[PDB]
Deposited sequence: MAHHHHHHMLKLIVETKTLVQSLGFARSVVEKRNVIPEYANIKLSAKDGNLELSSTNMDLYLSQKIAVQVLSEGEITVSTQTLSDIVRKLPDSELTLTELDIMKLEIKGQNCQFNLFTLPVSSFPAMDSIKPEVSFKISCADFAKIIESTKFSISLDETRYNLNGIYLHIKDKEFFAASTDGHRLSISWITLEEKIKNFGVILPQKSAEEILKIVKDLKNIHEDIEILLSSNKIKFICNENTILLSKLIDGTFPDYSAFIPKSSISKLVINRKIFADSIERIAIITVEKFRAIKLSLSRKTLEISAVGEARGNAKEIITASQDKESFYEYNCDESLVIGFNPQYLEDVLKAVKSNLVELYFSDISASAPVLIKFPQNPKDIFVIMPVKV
């Protein structure tokens, strides 16, 4: 029972790309030819990835081989198809039309099998909706390794909604999907690296228009993406903070502005700042918005945006009293880049320059962002 199969090279290159992003045994990939499919298994300390791709199975069997060596070779081969043949002397032959590679294999019995999940809840959502909630929350995870519980994305069902939420203490990001069926409340914290891997998977063109099944338990999360890709992940063992208290419940005024002109202007003005004072200042009035910054021993900068009801230059602030408030420009940019929207809204809770600011994008009612100001 020796593996032998013919595979479309471009298909194998894509699967190996996912395997590379997962990672002595962790350096290997397990290849299993069975029932018309090649199953590729990859694992590290926190993730187990199993991918099935259709191939011509000429003989069923299993081998394991270096992930890096296999990937490096296959992505340099110009043949539209490759033959993979397990040979007697613990070697995998990779054959193109004019070239042949023989790779040392390692015992299949040394490669770990996947663990299992006893889900508390399971549900199906579209890959496109799941990609959105991860894209809207992955950037505001804490990188402070002491804040163990903030080092991932909180995925939780509450009422009929599936939320992703993240915070680092300076900003909060929330994005959700409505679930049709009744599902009990449950939550887990997905590690950053697992969020990055599952995002790459669902965004693949083969999967982005399909569905992903999600299974949650107290100690694991399992993704089944478009039937043929399974990702099992450990969780962060912590309790996510109750962030509902962080969300402003009322506003005294709001800024509405063309998202691109706002993002581009923040980026230009922020160039003058120094690491010790990463801050830009917004001076808001009905007639104009001034964006300014200073940098010690560097200089200063300002840009003026004038009131406009035209979509491409939109600026309005319907309040008689002006407001001056500051923000970390990187944190504002993170939000503005997360949602492809023509306009963005900033809601101010009170006249102070210290209260949290709520950010929403019109036409995107299932994304909420909160950013703390900085003194300027």
Taking the deposited sequence from residue 1, the uncovered stretches are 1 to 7, 31 to 36
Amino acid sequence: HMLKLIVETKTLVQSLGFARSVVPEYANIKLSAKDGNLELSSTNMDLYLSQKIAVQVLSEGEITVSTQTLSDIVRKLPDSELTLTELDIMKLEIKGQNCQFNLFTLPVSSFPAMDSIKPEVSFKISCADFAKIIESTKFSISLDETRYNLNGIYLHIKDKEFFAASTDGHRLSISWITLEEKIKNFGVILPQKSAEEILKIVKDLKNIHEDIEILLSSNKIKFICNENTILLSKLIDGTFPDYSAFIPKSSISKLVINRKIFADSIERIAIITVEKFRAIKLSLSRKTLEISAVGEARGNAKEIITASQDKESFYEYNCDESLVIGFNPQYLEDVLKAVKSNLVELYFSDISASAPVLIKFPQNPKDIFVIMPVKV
From here on, numbers count along this sequence of modelled residues.
Entry B factor averaged over C-alpha atoms, 11 to 19 against 349 to 357: higher for 349 to 357
Entry B factor averaged over C-alpha atoms, 298 to 306 against 130 to 138: higher for 298 to 306
In this crystal structure's PDB entry, the residue among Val274, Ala293, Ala164, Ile189 with the greatest CA B factor is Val274
In this crystal structure's PDB entry, the residue among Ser175, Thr229, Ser265, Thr239 with the greatest CA B factor is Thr239
Among the modelled residues of its chain, the C-alpha B-factor of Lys222 falls in the third labelled lowest
Temperature factor at the Cα of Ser71, chain-ranked in thirds, falls in the middle
Among the modelled residues of its chain, the C-alpha B-factor of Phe246 falls in the third labelled highest
Sorting the chain's modelled residues by C-alpha B-factor and splitting them into thirds places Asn328 in the middle
Sorting the chain's modelled residues by C-alpha B-factor and splitting them into thirds places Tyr148 in the highest
